[PDB]
Structure formats: structure tokens, C-alpha cells
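Protein sequence lines correspond, in order, to chains B and A. The first sequence begins at 13 in the authors' numbering and counts up by one. If you use the authors' numbering, the second sequence corresponds to residues 447 to 460, 464 to 473, 486 to 526, 532 to 600, 607 to 729, 747 to 778, 798 to 858, 871 to 891, in order. Don't be surprised by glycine CBs; every beta carbon is placed ideally from N, CA and C. Report on one structure; see the data block that follows.
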Amino acid sequence: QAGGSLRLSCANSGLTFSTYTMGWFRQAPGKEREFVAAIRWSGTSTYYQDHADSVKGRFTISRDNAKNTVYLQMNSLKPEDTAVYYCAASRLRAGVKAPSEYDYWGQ
Amino acid sequence: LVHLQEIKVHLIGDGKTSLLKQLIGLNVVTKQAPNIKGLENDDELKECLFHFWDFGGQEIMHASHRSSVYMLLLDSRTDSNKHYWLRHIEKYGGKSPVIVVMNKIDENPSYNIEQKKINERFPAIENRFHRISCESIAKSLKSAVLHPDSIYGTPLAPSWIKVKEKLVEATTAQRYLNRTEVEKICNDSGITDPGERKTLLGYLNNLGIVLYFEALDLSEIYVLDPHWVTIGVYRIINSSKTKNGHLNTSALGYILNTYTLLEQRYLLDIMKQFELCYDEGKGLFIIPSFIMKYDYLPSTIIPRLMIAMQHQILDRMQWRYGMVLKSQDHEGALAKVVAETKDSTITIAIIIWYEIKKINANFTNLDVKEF
Ligand SMILES: Nc1nc2c(ncn2[C@@H]2O[C@H](COP(=O)(O)OP(=O)(O)OP(O)(O)=S)[C@@H](O)[C@H]2O)c(=O)[nH]1
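And the structure:
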């Protein structure tokens, strides 16, 4: 419901991991895969950890290494912000914060 | 691959001790996540290096001592001169995240700046503000470090980090590398691409461990150590002998003193190369630190306009904020250019405009006003 909560979990098993960054992209009406929140987490460490537009507090991003999962927490959801979320994996190790390198699309 | 996990922070005042209370330093101090109070709770950045630099003064002007975070510092009496350091961060530095903090709120608990207007005016802020006196500073710092416009987690080959460590080991003692030695260390790992070596040196410089400029033009020194080569410029730029306006012939040993006469004339050549002063003759030194108005009046525009010493000058007539000129060209003209920091203006008494434009050309979209 409007301004509620919604935790989405995206799991990846047996892949590069270290050479991989997980980014969430929201685009329902062909919105050209707009960037929402990415994380280059390596164990307890985290390198990129950046947001866009709605920013933090509104949207929370976390990663747990216990089951190799990334969690997107939806809070104060604005009804017009209706879009479908996709997981994307970046693998290039030359140049941090690589949007165009999110080639391996998730589920 | 292997990431870098390092960053530099320059404190930009007009305070600095107040933010040194969060550290528990004449710039260039190193800290880790446990060292910072209030940010050690997050294990996200446990293995992160922090470099803190800070200065302050009126005639002290070292524009070049992303890949950093700038915490601008404000005080109620200095809010009139606020556009200065903000435009300085916009022009020089990089595209680094900026955190504006207002300090000493206890003396005036009713003063708050219009943070919205400056936040929209400066897109590197993004509402990272504090109004504390002597913490949200830790949260702002964390949210600023992990930014695409900054380098904290950057994937580079491990050979690059070995080369960086070897360069640090060489520079902490030698203090100045040769181009031959730079290439030798670079090709120790086999890397000889000018682009690759250029990026490695840029990541070494923009993080402020080993400096490197494109205007040295000296074969004796290629890169250089900020722990000594910047403090050296700091000593000579003000020693109460340059306050009067003229430095002695070679009495830099009286100023300074690991530093000797060889390093003395190394740094002499360096300071003439940085376009800060002119050697005139017989060991004389200037150290210069119509209606034309500049927002963010560059601190070193008079030092660059006074390099033309063998040109129009009447006789040793310098205000340390101005000068007097006497045209030696065809006919006879008397001129004088003087600066006013409190008004951010320059005056002209009656080539001069050509030199002013040639000096201000080294700026990126610096607004100017003529009257
Ligand atoms: N006792 C005490 N003194 C303070 C406090 N805050 C500021 N001061 C005083 O302010 C002075 C320093 O002002 P400060 O804002 O740090 O200027 P600065 O950093 O030295 O100069 P700058 O150009 O880089 S901004 C010190 O003398 C210090 O005593 C405080 O909370 N307690």
C-alpha cells in the first residue's frame, strides 16, 4: 500500500562475486533501466554504496554474505513510483562505478 | 581484483581544531576507521584509510599543495566570505563530495544559513550539513566517501598496488623521483604504457601520497613527497621576512634549518616553477602574496601579475596587495594595480589586461565582471 514497506531479496550463488557488483534497476514502462541502488560488497566490506533520486532513507540497500543475498527495503513508497525491479551484475575490473557494464541481468 | 580503500579529506576553513577534536595538525594526518569517533560502529568501512589536510590564513595560498571529500568549515563572522572557498572547491580540487559544516553555534544559537540555496547552487553537497558547536558528521562522511564521483573502492590490478607501495617506499626517503627511476619502477611490473603509468601516477597524486605536476619542467624531480615538499613552500611563503615583501638573497637556511642547501636550491627552482615569485636581481624576491570584479577573487592573481618585474615598475613600490608600474615602452606612462580582498576587486591606474587575461585563463568557467 502507499507509503508502506517491502523487502526484496535477490540471491546469487557460485559466481565471480569479487568481480561482480549488484545493482537494482526499476523500469516498468520501458524506462531504459534507470539506476536505483548498487553495491560492490566484498564480505563485510562495501565500496560503491550509492543511491539516486529517491536516495537513502526512502530506499535502503543492504547485502548479507551469510546466504549471498542483496536486500532492497522499500519505505514511504510513493504510488506513482510504480516500476518493476531487476538485478544486474557488473564484472569489469577497470574503472569503478560501471553502469554500462551491468551486462549479466538477473532473474 | 584488488581495491584501493583510501581517500583524502581537505578541511577548508577561512574550527579546524574543532574537527581535530574528532580525530582524538598542520595538514597531512592519517587515520583508520577505529580512529574516527562515531564512524567505527560501521564495519562496512573498517579497512578504509583517511587522509586529513587543513590550512588557514589570509595570504597563505596553496591551490595545488576528485579522489577526495571536502568538508567546508563556516563561522558566523566569516559567513560574508562564503562564496570564496565554495567556488574554490568547484574550480580546483575535483568533482569531490562536499560537506558544509557550521561551527561555533553556541555563541549564536539562532543563526542558520540558507542551506537549501547553496545546496542547489553546489551539486556536490546534496544536503550534508551540520550545525554543531564544540554526531551527524560521521554519517555525512560515510555517505560522502562511497560515491561514484570519488575513488574509495576502485578495482585495479594488484601489480598496481605493489608499484604504489614501492613508490611510497622510495619517496618517503628520496623525496623526489627521477623520470628514469619512475620508468624503472613502472617496468618492474612491466607496465610502460604512457596511459597506464599516467593513470597510476594520477591515482597516487589525487590521493595525496606522492605528488606529480605537469608543469615542473625539471629533470631532477619527477614526483615529490607532500610531507616535505609542501611544508617547504609553507615555510618560505611566510617567515616574517616575506611579510615586509622581499626575501633575502639565499637566506633560506635561516628560514628552514632533513633539509639542506641542495634541497634549498631544489625548492628554490620549484618555487620559481610554480609561478609564485620572481628572483629579480642581486638576490631580490617579490613574493607578491580599469574596474574589474571577480567572484571568488583568486588569491594568487597578484603573485602571477607581479612576475613581470623587468617590465613596468617605478621603484620597489609594492603593497603586498598592490604595486606601481612605470612603462619603459614608447612614451611614458605611470601605472599601478592594487587588490582589495574585502571587496574582491582589482584597480588599474594609468598589456596589463593581456597579462591579467593570461593569468585568469588558468580557470574553468570563472565568472568575471568588468566596469
Ligand atoms: N576553548 C575553546 N576555543 C575554541 C572553540 N572553538 C574555537 N575556539 C578558538 O578558536 C580559535 C581557532 O579558530 P579556528 O576556526 O579553528 O581558525 P583556524 O582553523 O585556526 O584558521 P582557519 O583559517 O583554518 S579557519 C582557537 O584559538 C580556539 O581557542 C571551543 O569550542 N572551545
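Proximity of the region 574-589 of chain A to the region 497-516 of chain A falls short of the contact definition, fewer than three beta-carbon pairs being nearer than 8 Å. When CB distances to chain A are screened at a threshold of 7 Å, the residues of the region 35-53 of chain B falling below it are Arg52, in chain order. By the rule of a C-beta closer than 7 Å to any heavy atom of ligand 1, the residues picked out are A/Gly459, A/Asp460, A/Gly464, A/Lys465, A/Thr466, A/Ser467, A/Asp515, A/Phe516, A/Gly517, A/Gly518, A/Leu539, A/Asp541, A/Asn569, A/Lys570, A/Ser599 and A/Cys600.
In the structure shown, B/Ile73 falls within a strand segment according to DSSP collapsed to helix, strand and coil.
Among the residues of chain B, none has a CB under 8 Å from the CB of A/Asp697; the nearest is roughly 27 Å distant.
When C-alpha distances from A/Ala857 are compared across A/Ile821, A/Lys889, A/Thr849 and A/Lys878, the shortest belongs to A/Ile821. Checking the DSSP bridge columns, you'll see A/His718 has no partner listed.
Distances from the alpha-carbon of A/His523 to those of A/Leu765, A/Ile876 and A/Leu886 put A/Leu765 closest.
If you look at A/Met568, you'll find it isn't in any alpha helix (DSSP H); it sits in the beta strand (DSSP E) that goes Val564 to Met568. Neighbours of A/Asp504 in chain B, taken as residues whose beta carbon is under 8 Å from its own, are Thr56 in chain order.
Secondary structure note for A/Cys658: its alpha helix (DSSP H) is the uninterrupted segment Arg651 to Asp660.
Within 8 Å of the CB of B/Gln61, the CB atoms of chain A belong to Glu505 and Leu618, in sequence order along the chain.
Nearest CB-CB separation between B/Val82 and chain A: not below the 8 Å threshold. Pairing A/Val564 with A/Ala590 gives a Cβ-Cβ distance under 8 Å.
Shortest Cα-Cα distance from A/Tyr755 to any of A/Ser533, A/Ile871, A/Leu639 and A/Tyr694 involves A/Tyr694. Remark: three or more beta-carbon pairs, one from each stretch, lie closer than 8 Å, so the region 688-707 of chain A and the region 649-656 of chain A are flagged as touching. Take A/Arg828, set aside five residues on each side of it, and the residues of its chain with a beta-carbon closer than 6 Å to its own are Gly717, in chain order. Short of 8 Å from the beta carbon of A/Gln471, and not among the five residues preceding or following it, lie these beta carbons of its own chain, in chain order: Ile497, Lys498, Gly499, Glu607 and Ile609.
Taking a cut-off of 8 Å for Cβ pairs, the region 661-679 of chain A and the region 614-634 of chain A touch, as three or more such pairs fall below it.
Counting every other CB atom within 10 Å of its CB across the protein chains shown gives B/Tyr114 a total of 16 or more, marking it as buried. A/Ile453 sits away from A/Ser615, with the two beta carbons spaced by 8 Å or more. Among the residues facing chain B, A/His456 is not included, as its CB has no counterpart in that chain under 8 Å away. Within the region 68-94 of chain B, the residues whose Cβ lies closer than 8 Å to any Cβ of chain A are, in chain order, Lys68. Around the beta carbon of A/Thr702, 16 or more other beta carbons sit within 10 angstroms, so the residue counts as buried. If you draw a 10 Å sphere on the C-beta of B/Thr58, you find 16 or more other C-beta atoms in it, and that means buried.
Take the alpha-carbon of A/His699 and the one of A/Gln493: they are about 19 Å apart.
Per DSSP, the continuous alpha helix (DSSP H) segment holding A/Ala616 begins and ends at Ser608 to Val617. For B/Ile51, the uninterrupted beta strand (DSSP E) segment begins and ends at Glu46 to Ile51. Looking only at A/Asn720, A/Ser467, A/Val490 and A/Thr855, the smallest Cα-Cα distance to A/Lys771 is reached by A/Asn720.
The beta carbon of A/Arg597 is closer than 7 Å to those of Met568, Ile571 and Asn578 in its chain, skipping five residues each way along the sequence. A/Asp758: member of the alpha helix (DSSP H) spanning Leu750 to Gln762, first to last residue.
Distance between B/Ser102 and A/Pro495, taken at the CA atoms: about 31 Å. The residue from A/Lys583, A/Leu457 and A/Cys600 with its alpha-carbon nearest to that of A/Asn593 is A/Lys583.
For the C-beta of B/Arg105, the chain A residues within less than 7 Å are, from N- to C-terminus, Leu447 and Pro627.
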